[PDB]
$ cat coords-v6.tsv   # TSV, N, CA and C atoms
chain	number	residue	atom	x	y	z
X	1	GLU	N	0.83	-1.19	0.00
X	1	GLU	CA	0.00	0.00	0.00
X	1	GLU	C	0.87	1.25	0.00
X	2	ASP	N	0.65	2.12	0.98
X	2	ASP	CA	1.32	3.41	1.05
X	2	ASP	C	1.57	3.77	2.51
X	3	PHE	N	1.75	5.06	2.77
X	3	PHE	CA	2.36	5.58	3.97
X	3	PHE	C	1.56	5.23	5.22
X	4	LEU	N	2.27	5.30	6.36
X	4	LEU	CA	1.71	5.21	7.70
X	4	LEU	C	0.40	5.94	7.86
X	5	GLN	N	-0.54	5.20	8.37
X	5	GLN	CA	-1.74	5.72	8.98
X	5	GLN	C	-1.53	5.51	10.47
X	6	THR	N	-2.01	6.47	11.27
X	6	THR	CA	-2.16	6.36	12.72
X	6	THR	C	-0.87	6.00	13.44
X	7	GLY	N	0.06	6.95	13.55
X	7	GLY	CA	1.41	6.72	14.03
X	7	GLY	C	1.65	5.99	15.35
X	8	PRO	N	1.05	6.44	16.45
X	8	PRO	CA	1.30	5.78	17.73
X	8	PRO	C	0.56	4.46	17.95
X	9	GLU	N	0.06	3.81	16.90
X	9	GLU	CA	-0.85	2.68	17.08
X	9	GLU	C	-0.14	1.46	17.66
X	10	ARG	N	1.18	1.37	17.49
X	10	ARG	CA	1.95	0.29	18.09
X	10	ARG	C	2.69	0.79	19.32
X	11	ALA	N	2.19	1.90	19.86
X	11	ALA	CA	2.81	2.53	21.01
X	11	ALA	C	1.69	3.05	21.90
X	12	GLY	N	2.08	3.90	22.86
X	12	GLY	CA	1.27	4.12	24.05
X	12	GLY	C	-0.03	4.87	23.80
X	13	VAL	N	-0.01	5.86	22.91
X	13	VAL	CA	-1.23	6.57	22.54
X	13	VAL	C	-2.01	5.63	21.64
X	14	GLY	N	-3.33	5.74	21.63
X	14	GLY	CA	-4.10	4.83	20.82
X	14	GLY	C	-4.01	5.06	19.32
X	15	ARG	N	-4.65	6.12	18.84
X	15	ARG	CA	-4.97	6.15	17.43
X	15	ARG	C	-4.37	7.33	16.69
X	16	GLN	N	-4.62	8.54	17.20
X	16	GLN	CA	-4.22	9.81	16.60
X	16	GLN	C	-4.67	9.97	15.16
X	17	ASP	N	-5.87	9.50	14.82
X	17	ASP	CA	-6.32	9.64	13.44
X	17	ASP	C	-7.19	10.86	13.25
X	18	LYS	N	-8.31	10.93	13.94
X	18	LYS	CA	-9.37	11.87	13.62
X	18	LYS	C	-9.47	12.94	14.69
X	19	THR	N	-9.64	14.18	14.26
X	19	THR	CA	-9.80	15.30	15.17
X	19	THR	C	-11.15	15.23	15.86
X	20	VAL	N	-11.19	15.71	17.10
X	20	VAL	CA	-12.40	15.71	17.91
X	20	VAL	C	-12.60	17.10	18.49
X	21	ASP	N	-13.80	17.32	19.02
X	21	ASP	CA	-14.06	18.55	19.74
X	21	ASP	C	-13.56	18.44	21.18
X	22	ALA	N	-13.14	19.57	21.74
X	22	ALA	CA	-12.64	19.61	23.10
X	22	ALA	C	-13.67	20.25	24.01
X	23	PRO	N	-13.88	19.73	25.22
X	23	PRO	CA	-14.73	20.42	26.18
X	23	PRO	C	-14.07	21.70	26.65
X	24	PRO	N	-14.71	22.84	26.46
X	24	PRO	CA	-14.06	24.11	26.77
X	24	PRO	C	-14.00	24.36	28.27
X	25	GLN	N	-12.90	24.98	28.69
X	25	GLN	CA	-12.70	25.34	30.08
X	25	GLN	C	-13.33	26.70	30.35
X	26	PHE	N	-13.01	27.28	31.50
X	26	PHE	CA	-13.73	28.46	31.97
X	26	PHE	C	-13.40	29.71	31.16
X	27	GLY	N	-12.16	29.83	30.70
X	27	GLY	CA	-11.76	31.06	30.03
X	27	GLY	C	-12.03	31.05	28.54
X	28	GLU	N	-11.84	29.90	27.90
X	28	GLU	CA	-11.89	29.78	26.45
X	28	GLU	C	-13.34	29.94	25.98
X	29	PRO	N	-13.58	30.42	24.75
X	29	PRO	CA	-14.84	31.12	24.48
X	29	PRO	C	-16.06	30.24	24.33
X	30	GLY	N	-15.90	28.94	24.19
X	30	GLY	CA	-17.07	28.11	24.04
X	30	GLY	C	-17.76	27.70	25.32
X	31	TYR	N	-17.44	28.33	26.44
X	31	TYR	CA	-17.89	27.84	27.74
X	31	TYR	C	-19.32	28.28	28.00
X	32	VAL	N	-20.18	27.31	28.28
X	32	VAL	CA	-21.41	27.61	29.00
X	32	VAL	C	-21.07	27.53	30.48
X	33	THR	N	-21.16	28.66	31.17
X	33	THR	CA	-20.76	28.69	32.56
X	33	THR	C	-21.85	28.07	33.42
X	34	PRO	N	-21.55	27.04	34.20
X	34	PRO	CA	-22.56	26.49	35.09
X	34	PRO	C	-22.85	27.45	36.22
X	35	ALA	N	-24.04	27.33	36.78
X	35	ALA	CA	-24.51	28.34	37.72
X	35	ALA	C	-23.90	28.18	39.09
X	36	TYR	N	-23.25	27.06	39.37
X	36	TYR	CA	-22.69	26.89	40.70
X	36	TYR	C	-21.34	27.55	40.88
X	37	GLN	N	-20.85	28.32	39.92
X	37	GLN	CA	-19.59	29.03	40.08
X	37	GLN	C	-19.63	30.46	39.56
X	38	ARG	N	-20.78	30.95	39.12
X	38	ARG	CA	-20.91	32.34	38.75
X	38	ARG	C	-21.85	33.12	39.66
X	39	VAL	N	-22.68	32.45	40.45
X	39	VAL	CA	-23.64	33.15	41.29
X	39	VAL	C	-22.91	33.63	42.53
X	40	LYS	N	-23.37	34.74	43.10
X	40	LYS	CA	-22.84	35.20	44.37
X	40	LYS	C	-23.16	34.18	45.44
X	41	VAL	N	-22.14	33.73	46.16
X	41	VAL	CA	-22.22	32.57	47.03
X	41	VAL	C	-23.07	32.89	48.25
X	42	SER	N	-23.15	34.18	48.60
X	42	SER	CA	-24.06	34.59	49.66
X	42	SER	C	-25.52	34.48	49.23
X	43	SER	N	-25.79	34.53	47.92
X	43	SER	CA	-27.17	34.45	47.47
X	43	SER	C	-27.65	33.01	47.37
X	44	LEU	N	-26.74	32.06	47.53
X	44	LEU	CA	-27.18	30.69	47.73
X	44	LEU	C	-27.72	30.52	49.14
X	45	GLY	N	-28.27	29.34	49.41
X	45	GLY	CA	-28.69	29.05	50.77
X	45	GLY	C	-27.54	28.63	51.65
X	46	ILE	N	-26.84	27.71	51.06
X	46	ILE	CA	-25.74	27.05	51.75
X	46	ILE	C	-24.80	28.12	52.17
X	47	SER	N	-24.24	28.07	53.35
X	47	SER	CA	-23.24	29.10	53.63
X	47	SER	C	-21.95	28.39	53.59
X	48	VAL	N	-20.89	29.08	53.29
X	48	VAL	CA	-19.69	28.27	53.12
X	48	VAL	C	-19.11	27.87	54.43
X	49	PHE	N	-19.40	28.49	55.55
X	49	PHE	CA	-18.70	28.13	56.79
X	49	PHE	C	-19.10	26.82	57.30
X	50	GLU	N	-18.20	26.24	57.98
X	50	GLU	CA	-18.42	24.82	58.28
X	50	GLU	C	-19.46	24.54	59.28
X	51	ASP	N	-19.82	25.45	60.14
X	51	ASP	CA	-20.82	25.00	61.13
X	51	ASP	C	-21.81	26.06	61.44
X	52	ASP	N	-22.70	26.14	60.53
X	52	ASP	CA	-23.97	26.83	60.58
X	52	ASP	C	-24.96	25.74	60.19
X	53	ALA	N	-26.22	25.91	60.50
X	53	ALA	CA	-27.12	24.83	60.06
X	53	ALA	C	-27.18	24.80	58.55
X	54	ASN	N	-26.54	25.70	57.82
X	54	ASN	CA	-26.68	25.60	56.38
X	54	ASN	C	-25.29	25.50	55.77
X	55	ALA	N	-24.47	24.62	56.33
X	55	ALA	CA	-23.14	24.39	55.78
X	55	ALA	C	-23.22	23.46	54.57
X	56	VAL	N	-22.13	23.43	53.80
X	56	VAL	CA	-22.02	22.57	52.63
X	56	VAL	C	-22.14	21.11	52.99
X	57	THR	N	-21.54	20.70	54.10
X	57	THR	CA	-21.54	19.31	54.52
X	57	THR	C	-22.84	18.86	55.15
X	58	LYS	N	-23.58	19.77	55.80
X	58	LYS	CA	-24.83	19.38	56.44
X	58	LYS	C	-25.95	19.23	55.43
X	59	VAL	N	-25.92	20.01	54.35
X	59	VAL	CA	-26.74	19.80	53.17
X	59	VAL	C	-25.95	18.79	52.32
X	60	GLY	N	-26.52	18.28	51.23
X	60	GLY	CA	-25.86	17.23	50.48
X	60	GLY	C	-24.64	17.57	49.64
X	61	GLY	N	-23.65	18.22	50.24
X	61	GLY	CA	-22.30	18.33	49.71
X	61	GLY	C	-22.18	19.19	48.46
X	62	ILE	N	-21.22	18.81	47.61
X	62	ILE	CA	-20.98	19.51	46.36
X	62	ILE	C	-22.16	19.40	45.41
X	63	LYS	N	-22.87	18.27	45.39
X	63	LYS	CA	-24.00	18.08	44.49
X	63	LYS	C	-25.16	19.01	44.83
X	64	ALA	N	-25.35	19.31	46.11
X	64	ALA	CA	-26.50	20.11	46.52
X	64	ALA	C	-26.33	21.56	46.12
X	65	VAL	N	-25.09	22.04	46.07
X	65	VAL	CA	-24.84	23.43	45.71
X	65	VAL	C	-25.13	23.66	44.23
X	66	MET	N	-24.90	22.64	43.41
X	66	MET	CA	-25.15	22.78	41.98
X	66	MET	C	-26.64	22.89	41.68
X	67	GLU	N	-27.46	22.02	42.28
X	67	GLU	CA	-28.88	21.99	41.95
X	67	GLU	C	-29.62	23.17	42.57
X	68	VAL	N	-29.04	23.81	43.58
X	68	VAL	CA	-29.66	25.01	44.12
X	68	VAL	C	-29.32	26.20	43.24
X	69	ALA	N	-28.13	26.20	42.64
X	69	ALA	CA	-27.66	27.39	41.94
X	69	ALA	C	-28.38	27.58	40.61
X	70	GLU	N	-28.88	26.51	40.00
X	70	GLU	CA	-29.74	26.71	38.85
X	70	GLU	C	-31.09	27.28	39.27
X	71	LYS	N	-31.51	27.00	40.50
X	71	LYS	CA	-32.77	27.55	40.97
X	71	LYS	C	-32.63	29.03	41.32
X	72	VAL	N	-31.40	29.49	41.53
X	72	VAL	CA	-31.14	30.88	41.87
X	72	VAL	C	-30.89	31.73	40.63
X	73	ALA	N	-30.04	31.24	39.72
X	73	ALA	CA	-29.68	32.04	38.56
X	73	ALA	C	-30.82	32.13	37.56
X	74	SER	N	-31.72	31.15	37.56
X	74	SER	CA	-32.91	31.25	36.73
X	74	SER	C	-33.93	32.19	37.35
X	75	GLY	N	-33.80	32.46	38.64
X	75	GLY	CA	-34.77	33.26	39.36
X	75	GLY	C	-35.87	32.45	39.99
X	76	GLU	N	-35.75	31.12	39.99
X	76	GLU	CA	-36.81	30.27	40.51
X	76	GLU	C	-36.89	30.35	42.02
X	77	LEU	N	-35.78	30.67	42.67
X	77	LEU	CA	-35.71	30.67	44.12
X	77	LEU	C	-35.40	32.07	44.62
X	78	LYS	N	-35.83	32.34	45.84
X	78	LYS	CA	-35.56	33.58	46.54
X	78	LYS	C	-34.69	33.27	47.75
X	79	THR	N	-33.66	34.08	47.97
X	79	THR	CA	-32.57	33.68	48.85
X	79	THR	C	-32.94	33.82	50.32
X	80	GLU	N	-34.00	34.57	50.63
X	80	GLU	CA	-34.25	34.95	52.01
X	80	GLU	C	-35.01	33.86	52.76
X	81	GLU	N	-36.13	33.42	52.20
X	81	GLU	CA	-36.98	32.47	52.91
X	81	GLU	C	-36.49	31.04	52.72
X	82	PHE	N	-35.68	30.81	51.69
X	82	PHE	CA	-35.10	29.49	51.50
X	82	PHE	C	-34.04	29.21	52.56
X	83	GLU	N	-33.26	30.23	52.91
X	83	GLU	CA	-32.24	30.06	53.94
X	83	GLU	C	-32.87	29.90	55.31
X	84	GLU	N	-34.02	30.55	55.52
X	84	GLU	CA	-34.67	30.54	56.83
X	84	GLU	C	-35.17	29.15	57.19
X	85	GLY	N	-35.78	28.46	56.22
X	85	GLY	CA	-36.21	27.10	56.47
X	85	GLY	C	-35.04	26.14	56.54
X	86	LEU	N	-33.93	26.49	55.89
X	86	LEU	CA	-32.76	25.62	55.92
X	86	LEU	C	-32.09	25.65	57.28
X	87	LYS	N	-32.25	26.75	58.02
X	87	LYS	CA	-31.64	26.85	59.34
X	87	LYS	C	-32.37	25.98	60.37
X	88	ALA	N	-33.63	25.65	60.12
X	88	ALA	CA	-34.38	24.78	61.01
X	88	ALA	C	-34.15	23.30	60.75
X	89	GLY	N	-33.25	22.96	59.83
X	89	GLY	CA	-32.98	21.58	59.54
X	89	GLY	C	-33.89	20.95	58.51
X	90	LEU	N	-34.62	21.75	57.74
X	90	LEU	CA	-35.39	21.20	56.65
X	90	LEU	C	-34.46	20.75	55.53
X	91	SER	N	-34.52	19.46	55.21
X	91	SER	CA	-33.70	18.92	54.14
X	91	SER	C	-34.17	19.47	52.80
X	92	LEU	N	-33.24	19.50	51.83
X	92	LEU	CA	-33.37	20.38	50.67
X	92	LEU	C	-34.55	20.02	49.78
X	93	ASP	N	-34.85	18.73	49.64
X	93	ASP	CA	-35.97	18.31	48.80
X	93	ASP	C	-37.31	18.75	49.39
X	94	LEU	N	-37.35	18.98	50.70
X	94	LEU	CA	-38.50	19.55	51.37
X	94	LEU	C	-38.23	20.91	51.97
X	95	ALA	N	-37.04	21.47	51.78
X	95	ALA	CA	-36.81	22.85	52.19
X	95	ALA	C	-37.27	23.82	51.13
X	96	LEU	N	-37.12	23.46	49.85
X	96	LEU	CA	-37.36	24.42	48.79
X	96	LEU	C	-38.85	24.58	48.52
X	97	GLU	N	-39.65	23.56	48.83
X	97	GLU	CA	-41.09	23.68	48.64
X	97	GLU	C	-41.71	24.56	49.71
X	98	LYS	N	-41.08	24.62	50.88
X	98	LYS	CA	-41.62	25.40	51.99
X	98	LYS	C	-41.53	26.89	51.70
X	99	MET	N	-40.40	27.33	51.15
X	99	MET	CA	-40.25	28.74	50.80
X	99	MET	C	-41.07	29.09	49.56
X	100	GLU	N	-41.29	28.11	48.69
X	100	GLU	CA	-41.94	28.39	47.41
X	100	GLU	C	-43.43	28.62	47.60
X	101	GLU	N	-44.05	27.91	48.53
X	101	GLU	CA	-45.50	27.95	48.70
X	101	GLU	C	-45.96	29.10	49.60
X	102	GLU	N	-45.05	29.92	50.12
X	102	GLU	CA	-45.47	31.00	51.01
X	102	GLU	C	-46.15	32.13	50.25
X	103	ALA	N	-45.46	32.71	49.28
X	103	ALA	CA	-46.04	33.76	48.44
X	103	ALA	C	-46.50	33.21	47.10
X	104	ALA	N	-46.74	31.90	47.01
X	104	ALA	CA	-47.23	31.31	45.77
X	104	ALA	C	-48.69	31.68	45.53
X	105	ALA	N	-49.56	31.34	46.48
X	105	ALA	CA	-50.98	31.53	46.27
X	105	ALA	C	-51.70	31.89	47.57
X	106	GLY	N	-52.76	32.68	47.44
X	106	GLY	CA	-53.63	32.96	48.56
X	106	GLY	C	-54.63	34.05	48.22
X	107	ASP	N	-55.69	34.14	49.03
X	107	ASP	CA	-56.67	35.19	48.83
X	107	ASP	C	-56.61	36.19	49.96
X	108	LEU	N	-56.16	35.74	51.13
X	108	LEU	CA	-55.72	36.54	52.26
X	108	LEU	C	-56.82	37.36	52.93
X	109	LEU	N	-58.03	37.32	52.40
X	109	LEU	CA	-59.09	38.12	52.96
X	109	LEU	C	-59.57	37.48	54.25
X	110	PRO	N	-59.77	38.25	55.30
X	110	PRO	CA	-60.34	37.69	56.52
X	110	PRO	C	-61.78	37.31	56.31
X	111	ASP	N	-62.27	36.43	57.18
X	111	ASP	CA	-63.59	35.85	57.04
X	111	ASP	C	-64.72	36.86	57.15
X	112	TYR	N	-64.51	37.97	57.85
X	112	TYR	CA	-65.62	38.88	58.05
X	112	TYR	C	-65.88	39.73	56.83
X	113	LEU	N	-64.93	39.79	55.90
X	113	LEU	CA	-65.13	40.59	54.71
X	113	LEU	C	-65.76	39.82	53.57
X	114	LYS	N	-65.65	38.52	53.55
X	114	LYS	CA	-66.20	37.83	52.39
X	114	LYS	C	-67.69	37.60	52.58
X	115	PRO	N	-68.51	37.82	51.54
X	115	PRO	CA	-69.96	37.93	51.74
X	115	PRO	C	-70.65	36.63	52.10
X	116	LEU	N	-71.88	36.77	52.57
X	116	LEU	CA	-72.71	35.70	53.09
X	116	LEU	C	-73.95	35.56	52.22
X	117	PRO	N	-74.61	34.40	52.25
X	117	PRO	CA	-75.89	34.29	51.53
X	117	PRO	C	-77.01	35.09	52.16
X	118	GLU	N	-76.85	35.50	53.41
X	118	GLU	CA	-77.89	36.29	54.06
X	118	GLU	C	-77.72	37.77	53.76
X	119	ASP	N	-76.67	38.14	53.04
X	119	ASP	CA	-76.47	39.55	52.71
X	119	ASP	C	-77.49	40.04	51.70
X	120	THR	N	-77.82	39.23	50.71
X	120	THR	CA	-78.90	39.79	49.91
X	120	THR	C	-80.25	39.38	50.49
X	121	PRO	N	-81.21	40.30	50.49
X	121	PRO	CA	-82.54	39.94	50.98
X	121	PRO	C	-83.23	38.99	50.02
X	122	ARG	N	-84.19	38.25	50.55
X	122	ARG	CA	-84.78	37.17	49.79
X	122	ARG	C	-85.83	37.69	48.82
X	123	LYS	N	-86.61	36.77	48.27
X	123	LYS	CA	-87.49	37.13	47.17
X	123	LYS	C	-88.73	37.85	47.67
X	124	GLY	N	-89.40	37.28	48.66
X	124	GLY	CA	-90.65	37.87	49.10
X	124	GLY	C	-90.71	38.18	50.57
X	125	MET	N	-89.56	38.36	51.21
X	125	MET	CA	-89.55	38.46	52.66
X	125	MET	C	-89.48	39.91	53.12
X	126	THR	N	-88.65	40.72	52.47
X	126	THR	CA	-88.38	42.06	52.97
X	126	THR	C	-89.58	42.98	52.81
X	127	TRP	N	-89.73	43.88	53.76
X	127	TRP	CA	-90.76	44.90	53.68
X	127	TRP	C	-90.27	46.15	53.00
X	128	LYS	N	-88.98	46.25	52.70
X	128	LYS	CA	-88.43	47.49	52.21
X	128	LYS	C	-88.82	47.71	50.77
X	129	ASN	N	-88.65	48.94	50.32
X	129	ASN	CA	-88.83	49.26	48.93
X	129	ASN	C	-87.85	50.31	48.46
X	130	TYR	N	-86.91	50.73	49.30
X	130	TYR	CA	-86.20	51.98	49.07
X	130	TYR	C	-84.70	51.86	49.21
X	131	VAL	N	-84.09	50.87	48.55
X	131	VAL	CA	-82.85	50.19	48.93
X	131	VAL	C	-81.76	51.07	49.54
X	132	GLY	N	-81.31	50.66	50.72
X	132	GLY	CA	-80.57	51.53	51.60
X	132	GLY	C	-80.98	51.25	53.03
X	133	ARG	N	-80.32	51.94	53.96
X	133	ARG	CA	-80.55	51.70	55.37
X	133	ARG	C	-81.89	52.25	55.84
$ encode --input "coords-v6.tsv" --output "structure tokens"
Amino acid sequence: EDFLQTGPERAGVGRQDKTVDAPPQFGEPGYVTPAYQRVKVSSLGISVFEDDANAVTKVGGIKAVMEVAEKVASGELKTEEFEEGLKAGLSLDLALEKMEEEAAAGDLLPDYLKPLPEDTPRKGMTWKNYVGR
């Protein structure tokens, strides 16, 4: 045949034939920056110090910081009430729902303001004719 194909094939490197894409690092321009290293670390729940109820080790380690940081950089989470439930020892899968459902939904009206069926007068009962007090 003809010339060498794949030089290191009888040596330590495998193939050296075909070019491939490289996973880009933090500085080089193809990087999608993950949210666990660009967000302000105070705006996470987890605090970096080792012994607060919201330390990295007391929550689920390195993995827990990543899944919280997408909830922060997307805007899905609010940093104030999430940290508050985390200080009481609420584990993360049930800590994040507690802060989420507080300002999620409500009507908030007290019972004395919402109307009653006795508020409108009936069909043939009232003696009035002059609507008003």
$ atom_distance --input "coords-v6.tsv" --atom1 "atom CA of residue X:105" --atom2 "atom CA of residue X:117"
25.6 Å
$ atom_distance --input "coords-v6.tsv" --atom1 "atom CA of residue X:71" --atom2 "atom CA of residue X:53"
20.1 Å
$ atom_distance --input "coords-v6.tsv" --atom1 "atom CA of residue X:95" --atom2 "atom CA of residue X:65"
13.6 Å
$ closest_residue --input "coords-v6.tsv" --among "X:70, X:123, X:128, X:86" --to "residue X:55" --atoms "all atoms listed in the file"
X:86
$ closest_residue --input "coords-v6.tsv" --among "X:34, X:115, X:89, X:106" --to "residue X:73" --atoms "only C-alpha atoms"
X:34
$ select_by_dssp --input "coords-v6.tsv" --residues "chain X" --states "helix (DSSP H, G or I)" --output "PyMOL selection string"
chain X and resi 7-10+41-43+61-73+79-87+92-100
$ write_last_selection --input "coords-v6.tsv" --atoms "N, CA and C atoms" --output "compact mmCIF listing (two decimals), in the frame of the given file"
# COMPACT_ATOMS: atom_id res chain seq x y z
N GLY X 7 0.06 6.95 13.55
CA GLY X 7 1.41 6.72 14.03
C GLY X 7 1.65 5.99 15.35
N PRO X 8 1.05 6.44 16.45
CA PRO X 8 1.30 5.78 17.73
C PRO X 8 0.56 4.46 17.95
N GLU X 9 0.06 3.81 16.90
CA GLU X 9 -0.85 2.68 17.08
C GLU X 9 -0.14 1.46 17.66
N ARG X 10 1.18 1.37 17.49
CA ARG X 10 1.95 0.29 18.09
C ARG X 10 2.69 0.79 19.32
N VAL X 41 -22.14 33.73 46.16
CA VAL X 41 -22.22 32.57 47.03
C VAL X 41 -23.07 32.89 48.25
N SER X 42 -23.15 34.18 48.60
CA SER X 42 -24.06 34.59 49.66
C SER X 42 -25.52 34.48 49.23
N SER X 43 -25.79 34.53 47.92
CA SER X 43 -27.17 34.45 47.47
C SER X 43 -27.65 33.01 47.37
N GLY X 61 -23.65 18.22 50.24
CA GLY X 61 -22.30 18.33 49.71
C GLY X 61 -22.18 19.19 48.46
N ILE X 62 -21.22 18.81 47.61
CA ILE X 62 -20.98 19.51 46.36
C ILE X 62 -22.16 19.40 45.41
N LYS X 63 -22.87 18.27 45.39
CA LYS X 63 -24.00 18.08 44.49
C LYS X 63 -25.16 19.01 44.83
N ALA X 64 -25.35 19.31 46.11
CA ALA X 64 -26.50 20.11 46.52
C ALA X 64 -26.33 21.56 46.12
N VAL X 65 -25.09 22.04 46.07
CA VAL X 65 -24.84 23.43 45.71
C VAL X 65 -25.13 23.66 44.23
N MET X 66 -24.90 22.64 43.41
CA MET X 66 -25.15 22.78 41.98
C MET X 66 -26.64 22.89 41.68
N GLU X 67 -27.46 22.02 42.28
CA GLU X 67 -28.88 21.99 41.95
C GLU X 67 -29.62 23.17 42.57
N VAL X 68 -29.04 23.81 43.58
CA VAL X 68 -29.66 25.01 44.12
C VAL X 68 -29.32 26.20 43.24
N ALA X 69 -28.13 26.20 42.64
CA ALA X 69 -27.66 27.39 41.94
C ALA X 69 -28.38 27.58 40.61
N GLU X 70 -28.88 26.51 40.00
CA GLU X 70 -29.74 26.71 38.85
C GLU X 70 -31.09 27.28 39.27
N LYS X 71 -31.51 27.00 40.50
CA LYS X 71 -32.77 27.55 40.97
C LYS X 71 -32.63 29.03 41.32
N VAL X 72 -31.40 29.49 41.53
CA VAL X 72 -31.14 30.88 41.87
C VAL X 72 -30.89 31.73 40.63
N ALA X 73 -30.04 31.24 39.72
CA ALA X 73 -29.68 32.04 38.56
C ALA X 73 -30.82 32.13 37.56
N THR X 79 -33.66 34.08 47.97
CA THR X 79 -32.57 33.68 48.85
C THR X 79 -32.94 33.82 50.32
N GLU X 80 -34.00 34.57 50.63
CA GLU X 80 -34.25 34.95 52.01
C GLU X 80 -35.01 33.86 52.76
N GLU X 81 -36.13 33.42 52.20
CA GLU X 81 -36.98 32.47 52.91
C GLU X 81 -36.49 31.04 52.72
N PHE X 82 -35.68 30.81 51.69
CA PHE X 82 -35.10 29.49 51.50
C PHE X 82 -34.04 29.21 52.56
N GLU X 83 -33.26 30.23 52.91
CA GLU X 83 -32.24 30.06 53.94
C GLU X 83 -32.87 29.90 55.31
N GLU X 84 -34.02 30.55 55.52
CA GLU X 84 -34.67 30.54 56.83
C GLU X 84 -35.17 29.15 57.19
N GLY X 85 -35.78 28.46 56.22
CA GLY X 85 -36.21 27.10 56.47
C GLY X 85 -35.04 26.14 56.54
N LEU X 86 -33.93 26.49 55.89
CA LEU X 86 -32.76 25.62 55.92
C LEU X 86 -32.09 25.65 57.28
N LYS X 87 -32.25 26.75 58.02
CA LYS X 87 -31.64 26.85 59.34
C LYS X 87 -32.37 25.98 60.37
N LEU X 92 -33.24 19.50 51.83
CA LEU X 92 -33.37 20.38 50.67
C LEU X 92 -34.55 20.02 49.78
N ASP X 93 -34.85 18.73 49.64
CA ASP X 93 -35.97 18.31 48.80
C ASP X 93 -37.31 18.75 49.39
N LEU X 94 -37.35 18.98 50.70
CA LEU X 94 -38.50 19.55 51.37
C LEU X 94 -38.23 20.91 51.97
N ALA X 95 -37.04 21.47 51.78
CA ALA X 95 -36.81 22.85 52.19
C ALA X 95 -37.27 23.82 51.13
N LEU X 96 -37.12 23.46 49.85
CA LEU X 96 -37.36 24.42 48.79
C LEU X 96 -38.85 24.58 48.52
N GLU X 97 -39.65 23.56 48.83
CA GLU X 97 -41.09 23.68 48.64
C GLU X 97 -41.71 24.56 49.71
N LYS X 98 -41.08 24.62 50.88
CA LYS X 98 -41.62 25.40 51.99
C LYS X 98 -41.53 26.89 51.70
N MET X 99 -40.40 27.33 51.15
CA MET X 99 -40.25 28.74 50.80
C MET X 99 -41.07 29.09 49.56
N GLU X 100 -41.29 28.11 48.69
CA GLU X 100 -41.94 28.39 47.41
C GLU X 100 -43.43 28.62 47.60
$ closest_residue --input "coords-v6.tsv" --among "X:79, X:74, X:19, X:25" --to "residue X:45" --atoms "all atoms listed in the file"
X:79
$ build_atoms --input "coords-v6.tsv" --residues "stretch 42-52 of chain X" --atoms "N, CA, C and O atoms" --output "PDB file, keeping the file's coordinate frame"
ATOM      1  N   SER X  42     -23.150  34.180  48.600  1.00  0.00           N
ATOM      2  CA  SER X  42     -24.060  34.590  49.660  1.00  0.00           C
ATOM      3  C   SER X  42     -25.520  34.480  49.230  1.00  0.00           C
ATOM      4  O   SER X  42     -26.403  34.357  50.077  1.00  0.00           O
ATOM      5  N   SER X  43     -25.790  34.530  47.920  1.00  0.00           N
ATOM      6  CA  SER X  43     -27.170  34.450  47.470  1.00  0.00           C
ATOM      7  C   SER X  43     -27.650  33.010  47.370  1.00  0.00           C
ATOM      8  O   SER X  43     -28.830  32.759  47.129  1.00  0.00           O
ATOM      9  N   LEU X  44     -26.740  32.060  47.530  1.00  0.00           N
ATOM     10  CA  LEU X  44     -27.180  30.690  47.730  1.00  0.00           C
ATOM     11  C   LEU X  44     -27.720  30.520  49.140  1.00  0.00           C
ATOM     12  O   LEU X  44     -27.656  31.417  49.985  1.00  0.00           O
ATOM     13  N   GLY X  45     -28.270  29.340  49.410  1.00  0.00           N
ATOM     14  CA  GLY X  45     -28.690  29.050  50.770  1.00  0.00           C
ATOM     15  C   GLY X  45     -27.540  28.630  51.650  1.00  0.00           C
ATOM     16  O   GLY X  45     -27.617  28.704  52.880  1.00  0.00           O
ATOM     17  N   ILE X  46     -26.840  27.710  51.060  1.00  0.00           N
ATOM     18  CA  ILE X  46     -25.740  27.050  51.750  1.00  0.00           C
ATOM     19  C   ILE X  46     -24.800  28.120  52.170  1.00  0.00           C
ATOM     20  O   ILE X  46     -24.635  28.966  51.443  1.00  0.00           O
ATOM     21  N   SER X  47     -24.240  28.070  53.350  1.00  0.00           N
ATOM     22  CA  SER X  47     -23.240  29.100  53.630  1.00  0.00           C
ATOM     23  C   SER X  47     -21.950  28.390  53.590  1.00  0.00           C
ATOM     24  O   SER X  47     -21.909  27.494  54.310  1.00  0.00           O
ATOM     25  N   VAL X  48     -20.890  29.080  53.290  1.00  0.00           N
ATOM     26  CA  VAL X  48     -19.690  28.270  53.120  1.00  0.00           C
ATOM     27  C   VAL X  48     -19.110  27.870  54.430  1.00  0.00           C
ATOM     28  O   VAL X  48     -18.504  26.934  54.389  1.00  0.00           O
ATOM     29  N   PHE X  49     -19.400  28.490  55.550  1.00  0.00           N
ATOM     30  CA  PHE X  49     -18.700  28.130  56.790  1.00  0.00           C
ATOM     31  C   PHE X  49     -19.100  26.820  57.300  1.00  0.00           C
ATOM     32  O   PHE X  49     -20.186  26.555  57.397  1.00  0.00           O
ATOM     33  N   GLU X  50     -18.200  26.240  57.980  1.00  0.00           N
ATOM     34  CA  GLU X  50     -18.420  24.820  58.280  1.00  0.00           C
ATOM     35  C   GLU X  50     -19.460  24.540  59.280  1.00  0.00           C
ATOM     36  O   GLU X  50     -19.799  23.453  59.297  1.00  0.00           O
ATOM     37  N   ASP X  51     -19.820  25.450  60.140  1.00  0.00           N
ATOM     38  CA  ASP X  51     -20.820  25.000  61.130  1.00  0.00           C
ATOM     39  C   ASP X  51     -21.810  26.060  61.440  1.00  0.00           C
ATOM     40  O   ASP X  51     -21.736  26.717  62.358  1.00  0.00           O
ATOM     41  N   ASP X  52     -22.700  26.140  60.530  1.00  0.00           N
ATOM     42  CA  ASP X  52     -23.970  26.830  60.580  1.00  0.00           C
ATOM     43  C   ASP X  52     -24.960  25.740  60.190  1.00  0.00           C
ATOM     44  O   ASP X  52     -24.582  24.738  59.595  1.00  0.00           O
TER      45      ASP X  52
END
